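Scroll down for the structure; my scribbles are underneath it.
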Amino acid sequence: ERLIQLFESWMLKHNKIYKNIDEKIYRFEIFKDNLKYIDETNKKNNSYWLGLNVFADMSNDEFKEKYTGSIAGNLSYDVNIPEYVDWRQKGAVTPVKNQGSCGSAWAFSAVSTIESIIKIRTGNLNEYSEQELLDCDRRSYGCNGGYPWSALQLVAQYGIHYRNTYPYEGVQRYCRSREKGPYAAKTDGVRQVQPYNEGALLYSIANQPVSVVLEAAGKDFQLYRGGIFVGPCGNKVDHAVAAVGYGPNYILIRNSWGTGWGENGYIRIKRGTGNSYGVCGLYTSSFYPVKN
């Protein structure tokens, strides 16, 4: 019927083009079915809405397993902050990156905080290598998940290279670190936010983008167009992101699904539900870089 004129202009909009002629038909049947969900959910009147982003393309299971499950995996050991924080305005957030079908988000999450903290310490905003952390961190399982701390603690001890030195390939390989000469930057340590504490997390955002984790495999998450996300997500976190800010109702989240998802790649997640886990279990495991 109708919808074909839309689907066409939607592929068109997201530089999607398909393998067979038969996928374009599967993709459509999916598209149309995600459209129904979208449209039937944006009648519930909540603080956020779904929309046809880069994942209307995809059934939820498809989506589930190519874009979530970046963590893990599965050691040792007077709050008064701004009303709002958006680190992007202070010039310390690089443009959104697309992680692709790779569960690299643990690496992405880590770099988007390292990239930040050096500008928060050096004045100077660069883009470093996810691919490196990907290839080289031996504690992580590569494109099938990893550990933000592991990454952050690799840069603290070893360091990291510029994006265009060790560029992203969306596929794990050899550790070509030693082949790219001197590290581009190196951080001085890692800290952890007191988990299941919001004010703790808020506070640590106040100073520097924190690397947090959440349950990203909900259907409402994949089709998230905009608004303040309030659920329903659970708690079985499975995706690593960087909280580059907040405001009195939300925590501002930067994501790795490119600028075609969410609010241009961001998602403001509802905050202060007295839920200790934080919405989507956001408070369960949060870390930030240190630099002097």
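Note on naming: chains are A, B, ... as they come in the structure tokens, residues start from 1 per chain, ligands start from 1 in the order shown.
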TODO: Find the residues around residue A:46 up to 12 Å (only C-alpha atoms counted), leave out those fewer than 4 positions away in its own chain, and share them as JSON, numbers by chain.
DONE: {"A": [41, 42, 50, 220, 226, 227, 228, 229, 230, 231, 232, 270]}
Could you take the residues named above and write them with N, CA, C and O atoms, as a PDB file, in the first residue's frame?
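Saved file result.pdb follows:
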```
ATOM      1  N   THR A  41       2.773   3.069  19.934  1.00  0.00           N
ATOM      2  CA  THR A  41       3.355   3.327  21.241  1.00  0.00           C
ATOM      3  C   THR A  41       3.418   4.829  21.493  1.00  0.00           C
ATOM      4  O   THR A  41       3.444   5.287  22.636  1.00  0.00           O
ATOM      5  N   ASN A  42       3.407   5.598  20.410  1.00  0.00           N
ATOM      6  CA  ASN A  42       3.422   7.042  20.509  1.00  0.00           C
ATOM      7  C   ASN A  42       1.996   7.511  20.609  1.00  0.00           C
ATOM      8  O   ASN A  42       1.585   8.518  20.017  1.00  0.00           O
ATOM      9  N   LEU A  50       8.869   6.919  20.188  1.00  0.00           N
ATOM     10  CA  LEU A  50       9.631   6.153  19.215  1.00  0.00           C
ATOM     11  C   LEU A  50       9.550   6.866  17.880  1.00  0.00           C
ATOM     12  O   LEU A  50       8.894   7.906  17.752  1.00  0.00           O
ATOM     13  N   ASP A 220      11.778  -0.494  22.821  1.00  0.00           N
ATOM     14  CA  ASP A 220      11.545   0.930  22.940  1.00  0.00           C
ATOM     15  C   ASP A 220      12.840   1.710  22.891  1.00  0.00           C
ATOM     16  O   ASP A 220      12.844   2.899  22.570  1.00  0.00           O
ATOM     17  N   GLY A 226      13.303  10.156  20.448  1.00  0.00           N
ATOM     18  CA  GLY A 226      13.538  11.368  21.191  1.00  0.00           C
ATOM     19  C   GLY A 226      12.674  11.478  22.413  1.00  0.00           C
ATOM     20  O   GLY A 226      11.718  10.729  22.604  1.00  0.00           O
ATOM     21  N   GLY A 227      13.017  12.429  23.260  1.00  0.00           N
ATOM     22  CA  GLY A 227      12.270  12.618  24.476  1.00  0.00           C
ATOM     23  C   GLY A 227      13.149  12.109  25.576  1.00  0.00           C
ATOM     24  O   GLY A 227      14.265  11.676  25.304  1.00  0.00           O
ATOM     25  N   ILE A 228      12.649  12.171  26.804  1.00  0.00           N
ATOM     26  CA  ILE A 228      13.313  11.583  27.966  1.00  0.00           C
ATOM     27  C   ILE A 228      12.886  10.127  28.198  1.00  0.00           C
ATOM     28  O   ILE A 228      11.716   9.817  28.477  1.00  0.00           O
ATOM     29  N   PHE A 229      13.848   9.229  28.082  1.00  0.00           N
ATOM     30  CA  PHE A 229      13.546   7.820  28.200  1.00  0.00           C
ATOM     31  C   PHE A 229      13.338   7.391  29.637  1.00  0.00           C
ATOM     32  O   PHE A 229      14.175   7.646  30.502  1.00  0.00           O
ATOM     33  N   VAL A 230      12.231   6.701  29.869  1.00  0.00           N
ATOM     34  CA  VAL A 230      11.805   6.374  31.214  1.00  0.00           C
ATOM     35  C   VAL A 230      11.541   4.865  31.339  1.00  0.00           C
ATOM     36  O   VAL A 230      11.123   4.372  32.384  1.00  0.00           O
ATOM     37  N   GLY A 231      11.812   4.133  30.262  1.00  0.00           N
ATOM     38  CA  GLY A 231      11.518   2.713  30.210  1.00  0.00           C
ATOM     39  C   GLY A 231      10.575   2.365  29.074  1.00  0.00           C
ATOM     40  O   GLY A 231      10.250   3.212  28.262  1.00  0.00           O
ATOM     41  N   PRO A 232      10.138   1.102  29.003  1.00  0.00           N
ATOM     42  CA  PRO A 232      10.583   0.076  29.938  1.00  0.00           C
ATOM     43  C   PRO A 232      11.877  -0.564  29.479  1.00  0.00           C
ATOM     44  O   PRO A 232      11.963  -1.200  28.422  1.00  0.00           O
ATOM     45  N   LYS A 270      15.678   9.187  31.995  1.00  0.00           N
ATOM     46  CA  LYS A 270      15.008   9.684  33.194  1.00  0.00           C
ATOM     47  C   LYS A 270      15.739   9.277  34.460  1.00  0.00           C
ATOM     48  O   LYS A 270      16.192   8.142  34.620  1.00  0.00           O
TER      49      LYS A 270
END
```
Open item on the list: Could you list, as number ranges by chain, every residue within 7 Å of stretch 122-138 of chain A, counting only C-alpha atoms and ignoring same-chain residues fewer than 3 positions away?
Closed with: A: 92, 94, 104, 107-108, 111, 115-116, 118-119, 142, 151, 160-163, 166-169, 172-175, 177
Create the file for the chosen residues now, containing C-alpha atoms and written as a CSV table (one decimal), in the first residue's frame.
```csv
chain,number,residue,atom,x,y,z
A,92,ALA,CA,34.8,18.2,25.2
A,94,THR,CA,33.8,14.4,19.8
A,104,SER,CA,32.7,-2.5,20.6
A,107,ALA,CA,35.7,0.6,23.8
A,108,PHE,CA,33.6,3.4,22.3
A,111,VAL,CA,37.3,6.6,24.4
A,115,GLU,CA,38.7,12.1,24.5
A,116,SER,CA,36.9,14.3,26.9
A,118,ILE,CA,42.2,15.3,27.9
A,119,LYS,CA,40.3,18.4,26.7
A,142,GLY,CA,36.7,-8.0,21.3
A,151,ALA,CA,39.9,-0.2,28.4
A,160,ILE,CA,46.3,5.3,23.1
A,161,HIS,CA,46.6,6.4,19.5
A,162,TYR,CA,44.8,8.9,17.3
A,163,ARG,CA,41.8,7.6,15.4
A,166,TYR,CA,44.7,3.2,14.3
A,167,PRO,CA,41.3,3.7,12.4
A,168,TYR,CA,38.2,1.7,13.2
A,169,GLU,CA,37.4,-1.4,11.1
A,172,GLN,CA,38.9,-7.3,15.8
A,173,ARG,CA,42.4,-8.0,14.7
A,174,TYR,CA,46.0,-8.0,15.8
A,175,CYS,CA,47.3,-5.4,18.3
A,177,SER,CA,49.8,-0.6,18.7
```
Open item on the list: Report, in Å with one decimal, the straight-line distance from atom CA of residue A:153 to atom CA of residue A:190.
Closed with: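 Separation of atom CA of residue A:153 and atom CA of residue A:190: 6.1 Å.
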TODO: Looking only at alpha helix (DSSP H) from DSSP on the backbone, list the matching residues of stretch 30-151 of chain A as a ChimeraX atom specification.
DONE: /A:30-41,60-67,105-122,130-136,148-151
Taking only C-alpha atoms into account, produce a table as CSV in which each residue of stretch 223-262 of chain A with an atom at most 12 Å from an atom of stretch 3-19 of chain A appears once, together with its shortest atom pair and the distance in Å to one decimal, ordered by chain and rising number.
```
residue,atom,partner,partner_atom,distance
A:258,CA,A:14,CA,10.7
A:259,CA,A:14,CA,10.1
A:260,CA,A:14,CA,7.3
A:261,CA,A:14,CA,10.4
```
Open item on the list: Could you pull out the strand (DSSP E or B) residues of stretch 86-207 of chain A, going by DSSP on the backbone, and write them as a PyMOL selection string?
Closed with: chain A and resi 86+98+103+128+144+160+162+185+189-192
Those residues you just picked out, can you put them in a file as a PDB file, in the first residue's frame with C-alpha atoms?
```
ATOM      1  CA  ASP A  86      26.235  19.133  28.918  1.00  0.00           C
ATOM      2  CA  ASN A  98      28.803   4.475  14.755  1.00  0.00           C
ATOM      3  CA  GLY A 103      29.981  -5.173  20.223  1.00  0.00           C
ATOM      4  CA  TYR A 128      41.505   8.354  19.685  1.00  0.00           C
ATOM      5  CA  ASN A 144      31.817  -9.824  21.277  1.00  0.00           C
ATOM      6  CA  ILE A 160      46.298   5.332  23.148  1.00  0.00           C
ATOM      7  CA  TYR A 162      44.763   8.909  17.346  1.00  0.00           C
ATOM      8  CA  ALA A 185      47.830  10.227  24.637  1.00  0.00           C
ATOM      9  CA  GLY A 189      44.340   6.525  36.264  1.00  0.00           C
ATOM     10  CA  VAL A 190      40.809   5.215  36.462  1.00  0.00           C
ATOM     11  CA  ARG A 191      38.175   5.805  39.059  1.00  0.00           C
ATOM     12  CA  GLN A 192      34.832   4.167  39.735  1.00  0.00           C
TER      13      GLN A 192
END
```
